[PDB]
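What follows is one chain in structure tokens, specifically the form deposited in one PDB entry.
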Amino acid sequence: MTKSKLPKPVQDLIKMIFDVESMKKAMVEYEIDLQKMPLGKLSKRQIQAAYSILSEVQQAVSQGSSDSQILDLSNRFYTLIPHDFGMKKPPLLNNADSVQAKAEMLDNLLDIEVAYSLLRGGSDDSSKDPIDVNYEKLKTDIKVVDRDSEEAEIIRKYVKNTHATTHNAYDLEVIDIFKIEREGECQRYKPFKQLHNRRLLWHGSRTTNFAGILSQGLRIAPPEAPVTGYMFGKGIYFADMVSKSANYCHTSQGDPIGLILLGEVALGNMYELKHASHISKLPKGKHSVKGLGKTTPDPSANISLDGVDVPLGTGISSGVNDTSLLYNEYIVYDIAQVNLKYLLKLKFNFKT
């Protein structure tokens, strides 16, 4: 029963990541029936089967098949994943929007099952602090960045400048800044180290998903996932506006604490797009996809950190007239193209 000697901000981060209740709330927010399907009953092969049904809906809508088939698959989805809408009609998976919503839901369900499997596995010893046991389950070095260092100065300027005016529901306060080093990730990222056009970008996600993000990195949606459920196909999505990525933390007024990622991304040749392009492979010679947004952080204020460009400029007009994106988007389709550097802990102070 040796109390953990880890830094207090790290211990708080471990407790917040490995909280079983936060997993249960996240499933309740999706209106999943926890009585007919509790958290311990979540299965990876069950989520993959739900991914396949979403893919069956995608192909039926395209091939002009029976919309009656699209009704049977919708009811199949709700039998596979038991929900509880009370007295309301469940949303019908009959169009592309419904597929994207349930695709995003299964991405968080797959990460929740990963966090719970990580928690209830391995070995156990009641002589060690549970905080110490969970920290080594992540297989990640986690150090607190000093508040007065130039790293924290640049990171704060990154959060300070790239908060979009459209995302007016809140403003962000940086609580903690962690310098993370995933086990073995640096060797995996080595072939992309001297690739040109490397940037430090944001990645937001649910807090419960970070037990798997630190354990296995940022993954691509499984093969069973429908490629049309994501705007630019099955890849890893990043942004340069801190508010665009913080929206994917799914932070509520009840739980206003968020976790966001700062990662070095080997972009290389950017396939610049303006609208949806559901692809799994890039054209030969390209290494990433950039969704051109109307507003881009000023390129004149670009600075470097460890040889990595940091687009912390104020948002100005990009010079792109016809685009379906308000802000930029960076997508890679190889997991080795990501090197996670920092992990931030943000307080969401919702306004107006």
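Rigid core here is just the name for the largest C-alpha set that superposes within 1.5 Å across the two forms. Start at 1 with the first residue shown and count on from there.
Keep in mind that the form deposited in another entry is not shown, yet the notes after this line are about it.
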Listed options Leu195, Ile175, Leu80, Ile154; Cα moving by 2 angstroms or more between this form and the one not shown (core superposition): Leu80
CA of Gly229, rigid core aligned, shift of 2 Å or more between this form and the one not shown: yes
Core-superposed C-alpha of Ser205 shifting 2 Å or more between this form and the one not shown: no
Large Cα move at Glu56 between this form and the one not shown, threshold 2 Å, rigid core: yes
Sense of the change in Cα distance from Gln100 to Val332 in that other deposited form - at least 3 Å versus the shown form: farther
Direction of Cα pair change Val242-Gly229 in that other deposited form, magnitude 3 angstroms or more: closer
